[PDB]
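Enquirer:
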DNA sequence: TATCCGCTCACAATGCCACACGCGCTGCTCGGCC
DNA sequence: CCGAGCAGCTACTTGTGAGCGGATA
Ligand SMILES: [Mg+2]
């Protein structure tokens, strides 16, 4: 009833809760519009680092 | 965790699984495919598409449908994610945390119990047996009747003659909790001492269902067991019916009598001018009751009797005074029920709904709470008995039609015809014509209602060694309406007199009223307009109950964050309360 | 003349309105719908030809290979409806379509196709409804309700009030096709017009208008008018009409012909218009600052420089004025702008239009429809041409085109399914006009705008939905098919369309098993109109407009029959005389009214045509010769009651029952009841449970004589004949000579159905009501079904009822009952429950239904048979194994020798698991029937063999009766033909001719005739043997159950449940209640004659809940009973038939000018005695819904008998034995036992199972679960004190995995102390939140 | 550049009880430690 | 073999509130 396991994810992913909070947490923390963050998340436009 | 995941072997090779199972399945699959693609060094577009698909899988597992595309797993229905198991009226909070299903509970249809006292209630034998199985087992193991749990269980299943007394003993002073299905205020759950009855229904006290807002047309209520010494003591001390007689909203007593008892008492106290034994003398209320039950005298008749009343002095003293009064036999008989503290002026009335309500209020104010319960119980008993002995009954000949209703209707139709003539003459327009027709019909309806009332009041003349002694009407429908038992003025007006005006969909008033009544035949178009107007009000409550429940939930969620934690704050600010007098006088 | 069942017991009737239109078929709607569905119709009309001719034919990708459709046929149903019910298979029929594959060679577009392949192919089976409009999908009888939705066409809604909070009324036009893409034109808070396609982005209408090859000047000429300005010598004169300047002020001196007309600053009034029209002038002088406010209409090109001077939709400035004057254009066309006549709206849409040409218009509309994917012009035009002008994605039906043409005021009512540019132009003009003020909105609150669809329409829609998938499949498969490679059978699969039809008929928002509890519920459920389901609203998102009933609902849908609760107004019932229009609307019959006479003809008016004519009052006092006794008459012009003259009226109501439903017309004295009480009574009458013995309702409505025969509940006579064989199971009738077929005919047989489980766990049984030799007519009733009596509906029972309080036992609504009712077997009902056990094919060996149950004695197995099934008739009251189901848990290959050994010697049978099915703990009764179904292949047990042998014996008895009748006829014929050899006939053919047909003499004719007769005999014998063999093979054919099951056994446990305190009983006027306490016969009150009362209601429930009609009914019933009592005094005391006939005549000739007018002298003087015997229980009285008997009629009927006229009789108390003062009323009321028996409501639990997801106690009555402590209950508890009480009710009694066991152990040990512990569900929530990316944690 | 306005998206709508029922097929392709 | 993952064959609610442009001084 209490023991849990885990999955070792190969490509680190984002948490949809912190991304679709309206206002999302990352959208305000990263001073970046949620549209660009969604564009980057769904693999259709680069973001420089 | 696995067992927490819904997965159970159904009939045959198929298993009843959960949506989270399929979610984790697809997530693991996409992760493994992505690992395989990364191991073979797939092209950049292929690995980016696999990463996008894995992101879709994981954020649908987190909260499906939030991304925009609510994917389905089976039956082409929206899939259940982890966020769905918490939100809404089906998450853990609303279904498995705040309100949970409890053991030692039962449900059954309600039923009028007229003999039980206000503090107690009825309970089916089989229900009481199934509810208190552990207490019965313990009491059987106590006595030299059952040495183990298996023997006691077998005896209970067989239901021998030796277990029924045990069940009567365990419910000697063990109260239970009665609960209505829609719970509005504190009175939605009350405590009652159960008495065993042979049947499948729950006998309920009549004076509390009114607070329950539970009619006896098929309502089903639930029963719960305290199961703990602390719980039993709390139910006997706080949740008991006797300890809840004032509503928490207003200081008005929530144990106001219902229609049957008040009708019985009104018939008992409504005095006539001439009856059997009018003008004699009686010593006390007991002699009056004897003379009445002997049949040698009527029930309501002006008689000079001698009462012995008691008045509470400044201290805890009850001074006695005997005096000759001139009252009806019914009031004298009922005087044997009221405690000594109350004066006689509270019984020397017609004893309507408001009258008995204020009587009970004064009794609770002067004598406290302990005697008020038994006073109300005796009130209800006597009311039921005398309403049964009376023979109140509504009939076709009881509802009278005003003889001058026809001439009023003809005058109204002549007025509307001359108004239509004026309109056809081009003098008055359509709006003023409609307004004049509406006000003329309203005046005619008011006149015919006043006529119906003054008619229902008259034609009650009885000769007492004279010629005519026109009195208050004794018509059964008038007794039910004027006493405020069940019928109101507007209801009896719609019944006997014309129904009046109706409404159209938008909310306006149709210019053609209903010139008929219920006793007389109703026209087809009139009944059509009536049902069209009534369906609106019918659907009103059926729609509004959901909004009311939502408002109650919102209000209690705003609430319950404060309790009385201090005895005094030590301030002086407040609010300037003044009687509002806006609009009318006050 | 009257029918035979009427001669059995004719019911007294009241009323003075002689009806002209009889009661139509109550189930005509669905019957006619399904008839329109399955039939060969030319011209591709409704049913199945429409979808075929719309989808078919199919052509490949220019491959010269077409698939043509010829016709379709429905095969014979592989199982009779009784067989489908007793088996569980569907009552369906095959669908054989004759298709034609025409494939031709290449290099020839229109080359004549050869090698045509015409082949019949089977494509799934379709369910066929029975004669009662019911579909059998899986054993049960599922019905489809009709759906009320938006009529395809155009609508104009008016957004007002809170819309946009701007105080500006907006008008939105909506074009909605029957199947395709929608269209919505709307306005902004400003004067801007926009358009959208199925709730897409809001874009202006000019782009979608110019997308159809439309230029700017064309749009401006279509929408707005033209004002002409002439380049004169000076001042740029213009043309004028005095009607265009109406409502505007004169900004200049309007003068013409050297005479001043309107001064500068004077509004042109009507007198000014008349003055300016008197002279008929057109050209005046207008200043220069006035033209600057107008705007040019068309683009004027220059001829000197070849450039554009000014484009359209641009205000003119003085420089542009000079330019256009110097260019040479004398005639300048500008727009006519006026806020009262032509509000400028297209101009704003044009100046906000980002695109000008058709190319960019199409590409922008493509981008707006599909995000991204920018195509070229020819690729984007494909979407715009396929989504609105292609007959495959736009399916405006006939009624859609009709409504579209009627709304736009067009003469022709026909058209196509696709739209057109002129239609869009007209709808935009209509929206502009309705914005300007001309024309009014069409409210969604109108039956003329709401279309009804039956089962046939939705069936055809689902057929087309499957056919589009089948078409895509056959198209993608036709990409490879060439000549001489395939027949037109392999390319078509039955999966898609058959599966679609099956899922539509089995699982949908409208397919639901009928509430088989009484004929009334059947009738009101088949005539049920819903607004839910596909294409309809949801009860959660419905406003106060759909719930409300409109005056247009008069006679088209009942306003008082509606299920109170979640869906009030959304679910309605069709009117009595309501019919379905050909287009799909609600038509109501009306009698045509001429100037002076109302002819006896009927016209079925629609909903739109109501406001055109005027309808007369239904119960209006009318004179002979179709005249009215009064000049003024109550009528209604357009949903508004009013008073008209005797000649202005044009239509009258056909009767007085067309307003109420069939379920509401059975409410006697309905006119004396309130709407709420009437609705409650009509809803509760639907839930009447058939009593053990039905009885005629005293106060009837006459309609009961139809609902009992128009439905398929009772045995109706298909052919009138003489009764031959009466039996409780079957009824054999001999057809009369005229109605008998001239060949291969015989006698009719009706197999009555016995006690079998219905769809609501109720008993349904038919009882014969005919005698031997009794001649019956065609259509007459032979056997009364459940809750019927001599072809008359009988739901509840009549009972002696008084209205007086009795010691508070009728406190608020509780009902008091005497022990006489429960002792006389009055309200005792029968409940049948079906329990199923399946032998699923699992691994480690399949299951067994043997009787070797180990780990148990013989007492629990004494009720089991040799095969392993409980006997037929073995009672059971507690948990008892009634079927021996065992399953292997370990090794397979148990040798049969060792099996029999274990059965006799050795140890027990190990791999059984004791998984046998037993009855649940709480249900009792005696099992009455057992069914079993074995898959083809598994060994049929001997009980299945016995059951099939019994059914074969029944079928063989029927066939033997048939063949013996035919053989007796043939032997009479052979006797008649061999009369020439009469001596040998009478000497050796009396006893032995039945087996010694062999004879011969005088060849020439005798041999020929004897051979012909012997041939006929042997052919008949062979045909009957073939019939018997076919029946045997049919009943022995094993049915499929499921993939992975061996056999399925079902048992029907029947229990007789009597009335007891707790049940729900109600009259017919909404006076529901619960039985308070059963009373002894001595305690109940009794009259001065000695007859005790049965029911004691509460008279206090009458005033508030205004159902006063019930009281009237009661009085009437009293009168009826009194008549009955007279008849009894005439029957017990042997009286001559003359006195009886005279009394019956006096009773039936009551002085009310009734329309019955029955005579007793026309009877046979023998059936009079039978009728009187049938009347001794009371005199059945009919009462119209609104033409019921008045008070004086009931008074004179009461005074006919010795009963008191006042209706109130002095009553004596049962306990004290004294006289009740204030004489209480008492009569005979018809009551009903509701389907809310207490035995299915009382439930409790001490400690049972718990859920697996969380350790919480279950609930419900099926499973041993408790109740739910609702959130409101928790609120009420915490509003009190009882902290310990809530803390124990939350976790100790429900959730604590280790706390409830400890508490139980303490209580059984006499310790009333608890341990808080922790709620398990709290830990479940902890683990669930921990499974997410959020960490929760408890502190110290 | 502030700031009101228009368009777009998240979230909400008793409670109980009773009954009934249900879960994309076939096929194809890739991968796992007695 | 077994198993497991995936591919071809919805729009009458209305409201309220918050956010994202957006265009105008
Ligand atoms: Mg109720």
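Residue numbers (the UniProt record's numbering), protein chains in the order written: chain C, 99 to 147; chain A, 246 to 831; chain D, 2 to 1341.
Cβ coordinates follow ideal geometry from the N, Cα and C atoms, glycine included.
#1: For residue 119/D, which of 91/D, 147/D, 72/D and 139/D has the nearest alpha-carbon?
#2: How would you call residue 284/A, buried or exposed, if buried means at least 16 neighbouring beta carbons within 10 angstroms?
#3: Please identify, using Cβ separations under 8 Å, the residues of the segment 612-641 of chain D that lie next to chain A, in order along the chain.
#4: So for residue 547/A, helix, strand or coil by DSSP?
#5: Heavy atom of ligand 1 less than 7 Å from the Cβ of residue 462/A, yes or no?
#6: Does the beta-carbon of residue 726/D have 16 or more other beta-carbons within 10 angstroms, so that it is buried, or is it exposed?
#7: Take the Cβ of residue 814/A as the centre, count every other Cβ of all protein chains shown within 10 Å, and call the residue buried at 16 or more, exposed below.
#8: Which residues mark the beginning and the end of the alpha helix (DSSP H) in which residue 457/A is found?
#9: Just to confirm, are residue 521/D and residue 699/D a CB contact at a threshold of 8 Å?
#10: Determine contact between the segment 257-274 of chain D and the segment 231-246 of chain D, defined as no fewer than three beta-carbon pairs at a distance below 8 Å.
#11: Which chain C residues are close to residue 279/A, counting only those with a beta carbon under 7 Å from its beta carbon?
#12: List the residues of chain D whose Cβ lies closer than 7 Å to the Cβ of residue 817/A, in chain order.
#13: Give, in chain order, every unbroken run of the beta strand (DSSP E) that is at least 3 residues long and sits entirely within the segment 492-525 of chain D.
#14: From residue 1097/D to residue 580/A, what distance separates their C-alpha atoms?
#15: Check whether chain D comes within 8 Å of residue 801/A, counting only Cβ atoms and requiring the distance to be less than that.
#16: In this structure, what does DSSP give as the bridge partners for residue 176/D?
#17: Out of 466/D, 516/D and 519/D, point me to the one whose CA is closest to residue 496/D's CA.
#18: Starting from the C-beta of residue 796/D, find all residues in its chain whose C-beta is less than 6 Å away, skip the five residues before and the five after it, and write them out in chain order.
#19: Can you grab the Cα-Cα spacing for the pair residue 1299/D / residue 460/A, in whole Å?
#20: Would you kindly report the start and end of the unbroken alpha helix (DSSP H) that includes residue 721/A?
#21: May I have the straight-line CA-CA distance separating residue 393/D from residue 27/D, to the nearest angstrom?
#22: Are the beta-carbon atoms of residue 670/D and residue 1114/D separated by less than 8 Å?
#23: Can you pull the chain C neighbours of residue 1348/D, defined as C-beta to C-beta under 7 Å?
#24: Closest by CA to residue 847/D, which one among 141/D, 948/D, 803/D and 894/D?
#25: Would you tell me roughly how many angstroms separate the C-alpha atoms of residue 829/A and residue 821/A, rounded to the nearest one?
#26: Rounded to a whole number of angstroms, what is the C-alpha to C-alpha distance between residue 396/A and residue 378/A?
Expert: Quick look at the numbers:
#1: 72/D
#2: exposed
#3: 618, 619, 620, 635, 637 and 641
#4: strand
#5: Yes.
#6: exposed
#7: exposed
#8: 451-457
#9: no
#10: yes
#11: Within 7 Å Cβ-Cβ: 108 and 109.
#12: Near residue 817/A there are no residues of chain D at all, since even the closest Cβ is about 30 Å away, more than 7 Å.
#13: 512-514
#14: Cα-Cα distance, rounded: 30 Å.
#15: Closer than 8 Å: yes.
#16: Partner(s): 155/D and 184/D.
#17: 466/D
#18: 519, 689, 788 and 1233
#19: 41 Å
#20: 721-727
#21: 37 Å
#22: yes
#23: As shown, chain D starts at 2 and ends at 1341. That puts residue 1348/D outside it, with no answer to give.
#24: 894/D
#25: 21 Å
#26: 13 Å
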